[PDB]
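Chains as they are written, first to last, in the deposited numbering: chain B, 2 to 490; chain B', 2 to 490; chain A, 2 to 490; chain A', 2 to 490. A prime marks a further copy of an entry chain.
First up is the structure itself, then whatever we jot down about it.
Protein chains: 4
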Amino acid sequence: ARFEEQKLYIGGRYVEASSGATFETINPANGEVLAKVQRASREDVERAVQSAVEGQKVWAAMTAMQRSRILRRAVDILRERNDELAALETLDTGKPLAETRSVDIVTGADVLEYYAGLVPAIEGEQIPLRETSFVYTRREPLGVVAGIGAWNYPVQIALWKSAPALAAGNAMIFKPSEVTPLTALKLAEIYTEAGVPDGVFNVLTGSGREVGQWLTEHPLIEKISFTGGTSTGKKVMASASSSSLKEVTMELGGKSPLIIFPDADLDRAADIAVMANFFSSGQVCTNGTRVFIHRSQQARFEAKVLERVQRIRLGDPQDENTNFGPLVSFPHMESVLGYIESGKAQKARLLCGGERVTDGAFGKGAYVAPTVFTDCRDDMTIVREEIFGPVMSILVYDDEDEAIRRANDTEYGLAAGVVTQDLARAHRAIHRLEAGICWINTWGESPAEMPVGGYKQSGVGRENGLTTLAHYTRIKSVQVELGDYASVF
Amino acid sequence: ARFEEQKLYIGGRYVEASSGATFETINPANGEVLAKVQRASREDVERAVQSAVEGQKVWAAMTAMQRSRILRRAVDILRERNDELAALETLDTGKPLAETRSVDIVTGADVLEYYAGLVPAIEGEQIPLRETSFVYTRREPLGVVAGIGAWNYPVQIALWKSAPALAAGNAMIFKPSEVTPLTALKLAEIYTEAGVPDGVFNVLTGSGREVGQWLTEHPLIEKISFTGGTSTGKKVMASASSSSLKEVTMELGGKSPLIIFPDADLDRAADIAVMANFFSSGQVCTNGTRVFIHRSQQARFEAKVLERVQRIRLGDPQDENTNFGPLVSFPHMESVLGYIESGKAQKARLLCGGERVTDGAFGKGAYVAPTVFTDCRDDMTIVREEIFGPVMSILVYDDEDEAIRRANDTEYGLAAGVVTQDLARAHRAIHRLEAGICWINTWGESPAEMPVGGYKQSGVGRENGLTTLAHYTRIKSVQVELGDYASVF
Amino acid sequence: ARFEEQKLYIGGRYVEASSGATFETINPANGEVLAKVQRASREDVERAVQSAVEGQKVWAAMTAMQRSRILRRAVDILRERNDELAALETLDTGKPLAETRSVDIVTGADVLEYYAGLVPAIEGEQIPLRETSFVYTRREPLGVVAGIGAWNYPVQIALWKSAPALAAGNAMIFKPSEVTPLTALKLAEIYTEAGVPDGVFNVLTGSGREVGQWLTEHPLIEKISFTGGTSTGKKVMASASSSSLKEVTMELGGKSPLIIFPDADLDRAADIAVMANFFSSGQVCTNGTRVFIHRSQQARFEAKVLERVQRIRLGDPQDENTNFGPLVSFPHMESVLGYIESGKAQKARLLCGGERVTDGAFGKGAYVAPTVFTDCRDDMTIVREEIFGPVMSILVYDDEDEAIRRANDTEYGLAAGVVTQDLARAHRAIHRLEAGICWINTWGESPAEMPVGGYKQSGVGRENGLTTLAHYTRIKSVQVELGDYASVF
Amino acid sequence: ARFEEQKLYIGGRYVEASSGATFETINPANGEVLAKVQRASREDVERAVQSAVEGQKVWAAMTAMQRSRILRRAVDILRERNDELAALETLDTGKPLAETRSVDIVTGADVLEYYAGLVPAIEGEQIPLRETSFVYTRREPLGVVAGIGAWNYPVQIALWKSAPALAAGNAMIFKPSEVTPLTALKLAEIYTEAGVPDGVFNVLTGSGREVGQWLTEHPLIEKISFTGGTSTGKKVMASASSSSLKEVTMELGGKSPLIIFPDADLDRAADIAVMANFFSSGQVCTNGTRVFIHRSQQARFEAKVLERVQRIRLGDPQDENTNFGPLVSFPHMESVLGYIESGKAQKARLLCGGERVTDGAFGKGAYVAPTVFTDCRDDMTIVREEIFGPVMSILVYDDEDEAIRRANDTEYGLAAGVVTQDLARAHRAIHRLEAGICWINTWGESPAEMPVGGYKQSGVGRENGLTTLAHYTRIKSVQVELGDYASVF
Ligand SMILES: NC(=O)[C@@H]1CC=CN([C@@H]2O[C@H](COP(=O)(O)OP(=O)(O)OC[C@H]3O[C@@H](n4cnc5c(N)ncnc54)[C@H](O)[C@@H]3O)[C@@H](O)[C@H]2O)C1
Ligand SMILES: NC(=O)[C@@H]1CC=CN([C@@H]2O[C@H](COP(=O)(O)OP(=O)(O)OC[C@H]3O[C@@H](n4cnc5c(N)ncnc54)[C@H](O)[C@@H]3O)[C@@H](O)[C@H]2O)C1
Ligand SMILES: [K+]
Ligand SMILES: [K+]
Ligand SMILES: [K+]
Ligand SMILES: [K+]
């Protein structure tokens with residue numbers, strides 16, 4: 002009701018969907034309906050694929066430096082419109098304005114800026130075999146690719162997916178999460194306004210079980226880049242494989258361990274622990290939700306965490322002084338409380354929070370308190386399963402190697418981190434920790450240069466860094482024969 | 002009956018399976034039963050996984066140069082045992098001794114030799130962010146991986162899969178094709194005898210719908226490398242994804258185009274065409290089974306092909322003078338004849354062959370004649386579908402761009418090739434042809450340095466070359482923070 | 002003088018030289034003094050180094066993307082000021098405005114734009130040795146470097162040297178040729194205006210015998226990048242070497258061969274030959290001044306060359322219709338006339354030109370007519386020596402291997418090119434030619450991505466491409482021991 | 002003489018010099034003449050170049066894997082002959098058999114083994130410009146190169162220079178130090194015995210003033226790789242430069258700092274310091290001859306050094322129990338004694354040694370006792386100059402930035418190292434140290450994978466690692482024009 006009805010974006014403009022259906026997006030801070038949003042039909046998918054196939058030909062036909070200049074213009078527009086977009090993202094996600102205006106668009110554009118600079122650097126190889134033959138490889142665009150977004154960092158994800166895709170000369174059809182479809186459409190406008198050819202970046206809104214599914218099954222789409230839950234991830238990846246043997250990137254969930262070594266500065270450890278659990282109200286996939294503390298440090302560490310949790314400024318996300326907002330959706334809140342209850346039921350020691358915040362106004366949003374459990378065990382549900390809400394589990398150990406083994410003891414493998422002042426501990430531990438994203442004495446920083454993604458069931462492929470650009474191309478090997486050809490027949 | 006009963010190979014030795022079942026492998030040249038072969042049970046898979054998990058730890062703990070030296074020793078043994086292995090491969094596949102002793106083991110060991118030299122070259126990156134922080138990446142072994150083989154080049158495939166896997170410090174459990182399980186077991190012996198730790202290369206025999214399936218579903222196996230039909234490929238890839246989100250390499254089938262440009266030397270074109278269709282009795286996946294000839298050259302080209310087909314020495318594969326043997330299996334022969342019949346039924350012009358060779362002795366094997374159809378059309382079944390037997394389809398064109406468009410007009414994309422003496426034609430055509438493996442004025446050569454694999458539904462990932470070694474590792478990003486950490490809380 | 006006296010540029014501004022000496026730059030089109038120019042003293046060099054050492058620390062302390070953004074801003078300014086700069090360069094060099102407006106600044110800025118995007122891509126390696134030790138490398142700035150320019154492409158050369166230097170975090174002190182000091186001072190203003198810190202790009206004017214010598218001798222300068230004559234190159238490289246063991250880049254002269262094969266399009270061949278000899282009035286280092294024609298093509302090719310030479314618009318370089326200006330200076334003209342005279346004396350056949358152009362206004366300038374000699378012999382002075390003027394030598398050959406051996410029979414090795422339609426001959430010929438810069442069926446194009454430089458006495462090191470960026474850093478290996486250290490004592 | 006007269010090695014065999022001049026090599030342990038050695042004449046150099054030019058063509062014409070196999074065979078032979086070679090090297094250099102048996106040949110062969118595996122990995126780039134033009138690069142051999150060796154690690158240095166040279170398809174003419182010519186001649190026999198073509202590795206004996214000079218001046222040699230003193234390095238590099246513009250590699254001397262931070266394990270620190278000063282009797286270029294100790298640690302650290310020095314087994318290098326031999330020659334000894342005398346004169350505090358060892362057999366040798374000076378000052382001769390003998394200078398510091406600035410305050414920059422347990426200090430310190438070879442908590446280890454070389458006046462270029470292999474090729478860019486060529490004329 003707050004906004005005009007949102008339409009699909011195809012061929013450098015808004016078009017009417019052909020399903021007759023809509024859905025609504027809700028501000029989770031107050032329950033207000035933000036907008037009616039159209040549902041893409043199976044035929045709308047077809048339209049967007051045809052648009053993308055054509056746009057990609059125009060885009061790939063431009064020179065590298067031409068793509069580079071256009072993507073830079075988009076970066077520039079993103080910089081200037083940083084605050085408008087953050088405000089929109091705060092409305093849609095409930096995340097504090099303090100975060101969206103300094104992180105979401107900022108780090109999204111950083112990656113686009115990075116890749117824009119790298120377009121002329123994409124190169125194949127040359128390999129001499131003998132005087133009369135040699136080989137060269139070509140890195141060619143995949144063609145049409147599809148991105149599927151999650152709801153925790155809507156625009157950032159769109160950017161981190163579309164940037165390398167477009168830089169490598171592909172077209173992307175992007176499906177934002179049903180929960181957070183607003184910023185994705187703005188991004189499509191900005192691309193068009195920067196000079197990105199019609200059809201190169203199209204946005205389809207709708208549900209994953211339909212639109213997402215249809216993108217995953219389409220025989221003309223070459224690759225799917227997905228970000229979401231491990232369970233969904235497996236279904237998306239399977240449908241992508243069985244339909245037409247597509248390429249896949251999977252950025253999934255985790256239960257990332259944070260190991261505080263017994264020599265650690267507990268102030269730093271505590272700051273890290275709280276950042277690794279309560280930023281974006283605990284809705285970051287790389288969150289360090291299993292915190293290992295050595296028995297000699299438990300009491301002091303718990304106190305230091307407690308002092309920090311107590312000063313967390315939960316509040317209205319539109320207030321600049323807020324640094325902890327509501328969760329993204331009332332149903333997701335219900336799921337987090339469900340997990341919190343299991344922690345209580347399973348005799349984990351509640352250190353703080355554990356409840357919904359219902360006091361005046363807060364009752365109108367989906368606010369869960371920053372919750373900390375301690376004296377947890379490896380068989381607890383809060384320790385084994387991804388919660389995706391502000392729930393830290395503090396776990397005690399006595400042997401550093403035991404801590405590592407337990408850290409590794411999971412089907413997840415997204416992130417890991419250690420806090421220590423010791424050279425040998427830092428590097429030796431990090432080397433044995435089975436995860437794709439590893440932090441020493443810090444947490445959460447994810448530079449454009451740094452390739453990120455999960456080990457095991459936390460992912461397939463990577464985002465950011467040089468490697469990701471390469472994986473939005475396909476290798477063609479060309480053997481040139483300059484001498485004679487011999488047949489056995 | 003010819004050989005002892007074949008057992009599983011686990012932990013550097015032969016072990017009894019626990020299914021109680023066996024199957025038989027047949028020499029397709031004479032129908033003789035070569036050997037009873039044990040069927041791996043679900044519990045045998047578990048045993049091989051546990052063996053592999055342990056072996057991989059020993060192997061990965063050795064230095065790079067230590068792995069290098071051992072893999073070189075294996076190469077050396079492969080060189081010395083080249084003729085024994087070829088003879089065995091000829092018995093199992095029906096492929097001429099002329100091919101197995103100069104190609105199969107030779108090119109298999111070449112790739113192992115290549116990768117052996119490259120072990121100390123595997124490196125991560127280093128990226129400075131600022132005076133107080135930097136990033137380094139590590140390329141770490143995947144751990145336990147599984148190879149699944151096809152029956153056309155049994156030992157070569159095992160080698161091309163296991164070489165980069167082992168070089169990157171992984172363990173591989175290999176499942177050869179039911180049709181051709183013999184050489185894979187020999188390879189396992191040779192690895193052990195070269196100094197490869199127990200469990201690093203294990204072989205399970207059995208059927209794909211069982212053992213293959215169980216490997217694909219296992220939660221402790223990190224990656225599946227598969228080589229086989231596109232249809233099977235899609236099922237394997239989906240099961241690999243849905244079970245535990247494994248990494249995948251898919252080397253699948255194709256309907257690769259060969260375009261003869263109107264300036265081409267027709268002698269060379271004909272030699273290429275016949276090599277690209279009748280080597281290994283037409284059972285090569287990269288076969289150029291759709292041959293485009295310009296209307297001005299059709300008559301002369303057909304004659305030149307005919308002169309070459311007529312001198313093909315079909316015969317007993319154990320005779321050195323044979324250069325065209327039977328197909329791999331009587332059922333596969335029945336399938337090829339089925340396709341041949343459809344070509345006749347659909348009014349394609351039979352140029353030669355088209356029948357089973359039943360004359361004295363040949364009636365005891367599964368021999369199909371080298372078959373050539375001409376005046377074919379893009380909607381014919383022999384033109385649209387992979388036959389995997391000695392069946393060439395000659396197709397006529399008038400516009401070079403039309404030829405390219407038609408070459409591209411398929412869901413396949415494994416290989417492509419052009420014959421021309423013109424600089425501009427060669428490179429411009431090859432650039433527009435949608436395939437991973439592209440030949441100019443030659444066919445079938447696949448050097449260790451050259452990464453090979455399909456576009457579209459012909460594959461995911463690559464084999465051979467530097468890139469393949471890298472993809473048997475996983476990237477870990479490590480960010481080292483050397484300065485202060487700032488918390489918003 | 003047309004312009005005010007030109008001062009040194011040190012620390013983000015113009016400053017007075019302390020030599021009390023000047024020289025003048027003259028317009029070679031009319032003999033007018035463009036400007037008095039100050040000569041740097043030793044003290045001024047010392048000042049420039051101090052300024053550079055301080056600038057470099059500030060520049061290096063910024064982040065990659067900060068440097069990137071600043072260089073991009075410089076690109077924008079160069080794009081805007083393209084015409085002003087072109088006009089100034091035309092005054093200083095005598096090159097036609099039609100060239101300077103479309104080549105010099107455009108391609109200079111192109112290279113800067115390329116490197117600006119690459120700054121965040123500069124990466125070290127990481128190598129695992131064993132569980133308790135690993136290595137990582139850093140690519141660190143060299144520090145302070147010096148670029149010494151040539152007079153034929155003054156601003157372009159300043160840009161191709163300073164771009165990777167600055168992109169890699171260095172400061173550069175640049176000394177333009179005393180013949181063309183004007184545009185380098187403009188570039189320095191532009192860098193400063195773009196946000197490049199004071200001291201990072203300083204310009205010293207003066208002679209090679211003084212200022213240039215002092216730069217190569219200075220113990221605080223880490224690298225000299227030099228473009229100019231081979232003889233001078235040797236002296237510069239020896240002084241850089243023996244003084245303090247500096248790294249060096251040398252882009253020197255050539256006598257590059259152009260081989261026209263009997264299957265060449267002769268219209269393309271003649272276009273290529275003329276472009277390869279008469280662009281910038283033949284003052285391009287990579288010029289194909291030895292043109293090999295097959296005997297069967299001689300008459301026809303000479304006629305085609307003559308048709309093109311006759312329609313060359315020799316004239317006032319400020320007239321937009323001019324495409325052939327005077328030479329850069331009167332003494333250079335005289336040197337070229339001497340060579341021309343030598344050609345007549347040694348009985349080459351003059352096909353056209355061979356004389357100074359003196360009619361009307363031309364006598365006030367340094368105009369040499371486009372000159373073609375034919376029936377040349379390998380022992381002729383005009384065939385052995387770099388003339389650096391508009392003088393083509395046509396050499397007849399009978400077979401292809403003979404042409405190649407003759408092409409290679411020189412101490413030079415800057416560029417080479419072949420003209421042919423045959424696929425095999427193009428690549429095979431090019432692989433045998435001993436030159437760093439090779440063109441097939443074209444000439445002169447030098448994309449930012451393509452490493453360019455000389456073989457043999459034509460060069461050391463490269464410019465442009467990824468490699469050049471790397472060669473403006475130095476490698477530091479860091480070995481981290483995480484385990485025990487064993488002493489033998 | 003112990004051995005027969007040593008001849009030149011040219012073209013796969015020994016040949017007579019044409020100088021009619023000889024010199025002798027002497028065992029520095031007893032003063033005995035080991036052998037007469039022929040001096041190469043200019044004609045002999047000319048012969049060696051001709052032989053090399055022809056060998057290189059044969060070598061380069063083989064395939065990568067053929068070269069690889071041949072170098073591997075050389076590795077095997079070196080492994081077998083390790084003890085014979087060690088014993089010979091001990092005779093020529095005076096280094097303890099315990100070092101030569103376990104370091105010199107082992108690590109020399111290690112590097113050869115590394116590069117042998119890398120030959121097939123040498124690759125060019127391919128860059129697409131537009132649909133009608135692309136670029137590929139070739140990495141071509143340099144051709145004939147020369148290596149000039151030093152006397153402290155004769156065979157190792159011959160191996161580290163020749164390995165990448167030969168791996169990249171070059172021929173190398175090697176001139177060992179006149180002080181230690183014996184093992185280089187052995188290596189040449191071994192290469193030939195392994196299947197290296199005649200002329201590919203030739204050895205010339207003689208002096209630097211003659212033979213070495215003639216090699217740097219020769220117009221057909223493409224590159225000089227030099228290891229030795231900085232002063233000589235400058236002369237060599239200037240002669241290589243000014244003669245014919247050769248590429249150069251310089252591995253020069255140093256005054257490398259070892260910084261012991263207040264949080265260091267002092268037992269490790271003392272072990273590191275002693276190893277960094279007294280291994281090979283202190284005749285290692287990367288030696289940490291400036292040892293920085295914090296004031297609070299001074300007394301304790303000196304005592305720990307003294308305990309280790311006192312148990313050094315100075316003795317007959319042929320005794321396996323010896324771990325500290327004499328210096329390489331009597332004049333080198335005298336130079337070291339002069340430096341020691343200078344240290345006493347300038348009032349450094351002698352902690353131990355400081356004298357020639359003359360008792361019994363020792364007087365027949367060039368034995369200098371392990372010497373430690375302490376309370377040194379930055380302006381002392383022993384602190385500023387490379388002594389290249391067993392002389393440690395201990396320098397006290399008060400804060401960490403002071404130590405680093407003082408470490409950096411030198412024209413040298415070969416190696417640096419820090420000892421500390423702190424994570425942040427280790428990396429931060431190392432990043433500020435101006436040296437090409439940096440060790441954290443260790444010293445002296447130089448893996449084949451790790452690029453080693455000097456900053457500043459300690460070096461130009463690198464040895465070992467991937468980069469060094471690349472720097473033994475030259476880059477040729479090839480631009481293929483597939484479309485029209487436009488001329489302005
Ligand atoms: N790696 C990281 O950093 C990550 C960062 C982001 C959060 N991360 C993950 O995101 C999850 C939140 O999402 P969820 O509440 O579980 O819904 P879903 O995971 O299904 O929603 C994701 C998207 O999938 C589309 N979708 C749904 N079903 C589909 C189907 N069958 N076929 C095709 N598509 C389908 C759907 O429309 C939506 O757009 C968390 O669990 C985190 O693990 C980690
Ligand atoms: N790219 C190239 O070059 C290639 C080179 C080789 C031939 N190439 C391909 O090989 C095919 C021949 O094989 P096919 O007659 O169709 O049997 P299948 O393709 O099923 O046999 C392949 C393997 O899959 C295992 N398997 C079967 N079902 C399974 C299941 N459900 N889960 C898990 N595994 C399963 C099975 O046990 C066998 O080992 C040809 O069509 C070529 O395209 C191209
Ligand atoms: K995975
Ligand atoms: K695919
Ligand atoms: K050179
Ligand atoms: K230097």
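Cβ coordinates follow ideal geometry from the N, Cα and C atoms, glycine included.
Any idea what DSSP makes of residue i, helix, strand or coil?
{"i": "residue 29 of chain B", "result": "coil"}
{"i": "residue 279 of chain B", "result": "helix"}
{"i": "residue 460 of chain A", "result": "strand"}
{"i": "residue 82 of chain A", "result": "coil"}
Name the DSSP beta bridge partners of residue i, please?
{"i": "residue 189 of chain A'", "result": "Answer by DSSP bridge pairing: none, since residue 189 of chain A' is not bridged."}
Please name the residues in the stretch 89 to 103 of chain A' whose beta-carbon is closer than 7 Å to at least one beta-carbon of chain A, in chain order. none
Quick one: which residues of the stretch 202 to 235 of chain B' get their C-beta closer than 8 Å to a C-beta of chain A? List them in chain order. none
Which residues, in order along the stretch 69 to 87 of chain B', keep a beta-carbon less than 7 Å from a beta-carbon of chain A'? 69
Where the beta carbon is closer than 7 Å to any heavy atom of ligand 5, which residues qualify, in chain order? A:455, A:456, A:457, A:458, A:460, A:461, A':223, A':246, A':247, A':248
The stretch 405 to 415 of chain A' contacting the stretch 297 to 304 of chain A', beta-carbon criterion three pairs below 8 Å: no
Against chain B: residues of the stretch 305 to 327 of chain A' by CB proximity under 9 Å: none
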